[PDB]
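Novice: One structure is given below, represented as structure tokens, and several questions about it will come after.
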Amino acid sequence: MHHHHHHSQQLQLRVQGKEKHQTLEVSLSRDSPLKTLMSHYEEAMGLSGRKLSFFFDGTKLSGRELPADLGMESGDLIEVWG
């Protein structure tokens, strides 16, 4: 989450799905919209085309948000349902 090698302007985020093995720590630029993380997760997990829904703070992500739009911070978690 906070290892010393990380660039100080990226956010480390945990993306966690329904199974223990459906998980990924994603490094996201502050100026990348969340859709980049959501696609990244789908691509890494092999779950493209499954209509997964990503939640932060109890609300569904559209993918259009920057992390700052939501008060999302390095070390936060995004829950993937489906």
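Counting neighbours? That spans all protein chains shown, and the Cβs are built from the backbone with ideal geometry, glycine included. The numbers here are math on the coordinates, done by the rules we state, and not lab data.
Novice: Only residues that are among the charged types (D, E, K, R), farther than 19 Å from residue 62 by Cα and in contact (Cβ under 8 Å) with a residue 40 or more places away in the chain: list them for the range 2-52, please.
Specialist: Answer for the range 2-52, where residues must be among the charged types (D, E, K, R), farther than 19 Å from residue 62 by Cα and in contact (Cβ under 8 Å) with a residue 40 or more places away in the chain: just 18.
Novice: Report, ordered by the first and then the second residue, all pairs with beta carbons closer than 8 Å, sequence separation of six or more or different chains, a first member in the range 70-82 that is in contact (Cβ under 8 Å) with a residue 60 or more places away in the chain and closer than 15 Å to residue 31 by Cβ, and a second member that is surrounded by 13 or more Cβ atoms within 10 Å (Cβ to Cβ) and acidic (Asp, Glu).
Specialist: That search, which allows pairs on different chains as well, returns 72/65.
Novice: Right, something else. Name the residue that is nearest to the chain's Cα centre (by Cα), counting only residues in the range 38-82 that are over 30 Å from residue 4 (Cα atoms) and charged (D, E, K, R).
Specialist: 60
Novice: A further question follows. For residue 51, indicate whether it is loosely packed, with under 12 Cβ neighbours inside 10 Å, over 18 Å from residue 71 (Cβ atoms), in contact with a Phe, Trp or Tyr (Cβ under 9 Å, 6 or more places away or on another chain) and not hydroxyl-bearing (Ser, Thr, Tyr).
Specialist: Numbers: loosely packed, with under 12 Cβ neighbours inside 10 Å: yes; over 18 Å from residue 71 (Cβ atoms): yes; in contact with a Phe, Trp or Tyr (Cβ under 9 Å, 6 or more places away or on another chain): no; not hydroxyl-bearing (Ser, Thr, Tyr): yes.
For residue 51, the condition - loosely packed, with under 12 Cβ neighbours inside 10 Å, over 18 Å from residue 71 (Cβ atoms), in contact with a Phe, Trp or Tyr (Cβ under 9 Å, 6 or more places away or on another chain) and not hydroxyl-bearing (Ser, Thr, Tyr) - is not met.
Novice: What number of residues within the range 6-27 are in a loop (DSSP other than H, G, I, E, B) and closer than 20 Å to residue 50 by Cα?
Specialist: Of the residues in that region, 6 qualify.
Novice: Return the residue satisfying two criteria in turn: it lies in the range 65-82 and is hydrophobic (A, V, I, L, M, F, W, C) and part of a loop (DSSP other than H, G, I, E, B), and of such residues it is surrounded by the fewest Cβ atoms within 10 Å (Cβ to Cβ).
Specialist: 66
Novice: Checking residue 62 against (1) surrounded by fewer than 16 Cβ atoms within 10 Å (Cβ to Cβ); (2) of a type in the set (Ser, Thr, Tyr); (3) not in a loop (DSSP other than H, G, I, E, B): exactly one of these is not met. Which one?
Specialist: With (1) surrounded by fewer than 16 Cβ atoms within 10 Å (Cβ to Cβ); (2) of a type in the set (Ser, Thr, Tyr); (3) not in a loop (DSSP other than H, G, I, E, B) applied to residue 62, the lone miss is (3).
Novice: Still on this structure, I have one more. For the structure I just gave you, tell me whether residue 38 is assigned to a loop (DSSP other than H, G, I, E, B) and either in contact with a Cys (Cβ under 8 Å, 6 or more places away or on another chain) or of a type in the set (A, V, I, L, M, F, W, C) (or both).
Specialist: Numbers: assigned to a loop (DSSP other than H, G, I, E, B): no; either in contact with a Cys (Cβ under 8 Å, 6 or more places away or on another chain) or of a type in the set (A, V, I, L, M, F, W, C) (or both): yes.
Taking the combined requirement at face value, the residue does not satisfy it.
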